[PDB]
**Student:** 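Before I ask anything, here is the structure I am working with.
Convention: sequence-line order gives letters A, B, ...; per-chain numbering from 1.
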Amino acid sequence: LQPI
Amino acid sequence: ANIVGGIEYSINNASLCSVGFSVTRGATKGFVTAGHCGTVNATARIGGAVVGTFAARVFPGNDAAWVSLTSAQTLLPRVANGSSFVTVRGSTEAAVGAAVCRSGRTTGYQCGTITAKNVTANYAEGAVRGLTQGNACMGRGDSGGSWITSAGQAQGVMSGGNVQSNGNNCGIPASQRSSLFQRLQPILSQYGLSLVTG
């Protein structure tokens, strides 16, 4: 997943 | 199927993730992986065949899970490195500064160094805390996959990273990469699992  | 760290599996015939490590839970065969890869009871497939189901997970907060496998599966103390293997020897945690590698179905086997510990990632679902950061590159689909030192010490499972528009962070310099893994040790104790070694 992509840190936001 | 032969269970090797880094290989592809699907979840409910939909998402793809990567195997973390072969483990046992008493007589039960399993593999550890990332929590965000599946919900409890979700069905895992490898090579088109059902191999097991998600037994338990924590995500967000942590990002950990294990998949309990049918007895027909073959557990191996190995992580994919191209067509070769890295042998799993133990789960000694490496320190900041150590070299480390990771294996997964999108970018394959990639190496770098551990740059920080106890990192929080904010994902759409919520924060995940306690992650270790390295600068090996990774991409979408590598989630769940092995992080292991070249000397065979299993570190954790791929959680997330600052992927770019091409779906990975392999196209930016190591100094700009944040690739985050969930530590292995708490997964093992949380679920009473033992690492398969060789």
**Student:** Test side-chain contact (heavy atoms from CB on, under 4.5 Å) on B/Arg140 and B/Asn168; report intermediate values, then the result.
**Tutor:** CA-CA 6 Å; B/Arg140 303 172 188 137; B/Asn168 63 64; over 6 Å; no

**Student:** Roughly how far apart are B/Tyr9 OH and B/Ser18 OG, rounded to 0.5 Å?
**Tutor:**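 Nearest 0.5 Å value for the OH-OG distance: 8.0 Å.
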
**Student:** Do B/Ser103 side-chain atoms and B/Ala80 backbone N/O form a donor-acceptor pair below 3.5 Å?
**Tutor:**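 Here the side-chain-to-backbone pair exists.
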
**Student:** Hey, what do you get for CD (A/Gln2) to CG (B/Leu180), rounding to the nearest 0.5 Å?
**Tutor:**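 So the CD of A/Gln2 and the CG of B/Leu180 are separated by 12.0 Å.
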
**Student:** Between B/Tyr109 and B/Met158, is there shared hydrophobic-cluster membership here, with clusters defined by ILVMFWY side-chain heavy atoms closer than 4.5 Å?
**Tutor:**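 Shared cluster, no.
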
**Student:** Can you spot which of B/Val67, B/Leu75, B/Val4 makes a side-chain contact (heavy atoms from CB on, under 4.5 Å) with B/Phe31?
**Tutor:** B/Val67

**Student:** Given the rule that I, L, V, M, F, W and Y join up when any side-chain heavy atoms are under 4.5 Å apart, are B/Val88 and B/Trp147 in one cluster?
**Tutor:** no

**Student:** How many angstroms lie between CZ in B/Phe181 and NZ in B/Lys117, if you round to the nearest 0.5 Å?
**Tutor:**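 Rounded to the nearest 0.5 Å, the CZ-NZ separation comes out at 7.5 Å.
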
**Student:** Between the main-chain N or O of B/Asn12 and the side-chain N or O of B/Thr43, is there a donor-acceptor pair closer than 3.5 Å?
**Tutor:** no

**Student:** Please check if the side chain of B/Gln155 supplies one atom and the backbone of B/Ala94 the other of a donor-acceptor pair under 3.5 Å.
**Tutor:** yes

**Student:** Can I get a per-line list of side-chain donor-acceptor pairs under 3.5 Å for residues 118-131 of chain B, giving both atom names and the distance, sequence neighbours left out?
**Tutor:**
{"residue": "B/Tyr123", "atom": "OH", "partner": "B/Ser159", "partner atom": "OG", "Å": "2.8"}
{"residue": "B/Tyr123", "atom": "OH", "partner": "B/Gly160", "partner atom": "N", "Å": "3.3"}

**Student:** Consider side chain to side chain donor-acceptor pair (under 3.5 Å). Of B/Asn169, B/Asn135, B/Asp142, which one does B/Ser179 pass it with?
**Tutor:**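 The passing option is B/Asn169.
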
**Student:** Indicate, with yes or no, if B/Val79 and B/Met138 share a hydrophobic cluster defined by side-chain heavy-atom contacts under 4.5 Å among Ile, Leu, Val, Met, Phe, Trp and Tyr.
**Tutor:**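 B/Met138 does not cluster with B/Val79.
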
**Student:** Check whether any side-chain heavy atom of B/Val196 sits under 4.5 Å from a side-chain heavy atom of B/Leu76, and report yes or no.
**Tutor:** no

**Student:** Please round to the nearest 0.5 Å and tell me the distance separating atom CG of B/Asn162 and atom CZ of B/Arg177.
**Tutor:** 9.0 Å

**Student:** Passes side-chain contact (heavy atoms from CB on, under 4.5 Å), B/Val86 versus B/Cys101? Steps please.
**Tutor:** CA-CA 10 Å; B/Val86 181; B/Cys101 309; over 6 Å; no

**Student:** Does any part of the side chain of B/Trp66, heavy atoms only, come nearer than 4.5 Å to the side chain of B/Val157, both counted from C-beta?
**Tutor:** no

**Student:** With heavy-atom distances below 4.5 Å as the criterion, would you say the side chains of B/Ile7 and B/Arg105 are in contact?
**Tutor:**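 Counting from C-beta outward, B/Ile7 and B/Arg105 never come under 4.5 Å.
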
**Student:** Check the pair B/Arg78 / B/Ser22 against side-chain hydrogen bond (donor to acceptor under 3.5 Å, both in side chains), numbers first and verdict last.
**Tutor:** CA-CA 8 Å; B/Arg78 303 189 213 296; B/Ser22 296; over 6 Å; no

**Student:** Examine B/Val23 and B/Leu69 and state if one hydrophobic cluster contains both, with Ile, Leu, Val, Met, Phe, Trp and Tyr joined whenever side-chain heavy atoms are less than 4.5 Å apart.
**Tutor:**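 Looking at the clustering, B/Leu69 is in a separate group from B/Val23.
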
**Student:** Rounded to the nearest 0.5 Å, what's the gap from CZ on B/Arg57 to CG on B/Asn41? Could you check?
**Tutor:**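 Reported to 0.5 Å precision, the distance equals 11.5 Å.
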
**Student:** Rounded at 0.5 Å granularity, tell me how far CD in B/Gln133 sits from OG1 in B/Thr115.
**Tutor:**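 Answer rounded to 0.5 Å: 3.5 Å.
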
**Student:** Do the non-hydrogen side-chain atoms of B/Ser91 and B/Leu188 ever get within less than 4.5 Å of each other?
**Tutor:** yes

**Student:** Do B/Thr70 and B/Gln73 have side-chain atoms, one donor and one acceptor, less than 3.5 Å apart?
**Tutor:** yes

**Student:** Could you walk me through whether B/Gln185 and B/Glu93 satisfy the side-chain contact (heavy atoms from CB on, under 4.5 Å) test, starting with their C-alpha distance in whole Å, then the side-chain angles of each, then the deciding distance to 0.1 Å, before giving a yes or no?
**Tutor:** CA-CA 8 Å; B/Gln185 285 184 0; B/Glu93 296 192 338; 3.5 Å; yes

**Student:** Taking B/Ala64's backbone N and O only, do any of them form a donor-acceptor pair with B/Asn62's side chain (distance below 3.5 Å, no angle check)?
**Tutor:**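 Judged by distance alone, no pair lies under 3.5 Å.
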
**Student:** Using the rule given for side-chain contact (heavy atoms from CB on, under 4.5 Å), can you reason through B/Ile148 versus B/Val100, listing the C-alpha separation, both sets of side-chain angles and the distance that settles it, and then say yes or no?
**Tutor:** CA-CA 6 Å; B/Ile148 187 161; B/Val100 68; over 6 Å; no

**Student:** Would you check if the side chain of B/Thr149 reaches a backbone N or O of B/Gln153 as a donor-acceptor pair within less than 3.5 Å?
**Tutor:**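 Present.
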
**Student:** Going by ring pair (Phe, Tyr, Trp, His ring centres under 6.0 Å), name the residues that satisfy it together with B/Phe59, two or more places apart in sequence or in a different chain.
**Tutor:** B/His36

**Student:** Could you tell me if the side chain of B/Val58 sits less than 4.5 Å from the side chain of B/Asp63, heavy atoms only?
**Tutor:**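 B/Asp63 vs B/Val58: side chains apart.
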
**Student:** Are B/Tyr191 and B/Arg25 side-chain neighbours, meaning at least one heavy-atom pair lies under 4.5 Å?
**Tutor:** no

**Student:** State, yes or no, whether a side-chain contact exists between B/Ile3 and B/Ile46 at a heavy-atom distance under 4.5 Å.
**Tutor:** yes

**Student:** Got B/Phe54 and B/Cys37 here, is their nearest side-chain heavy-atom distance under 4.5 Å?
**Tutor:** yes

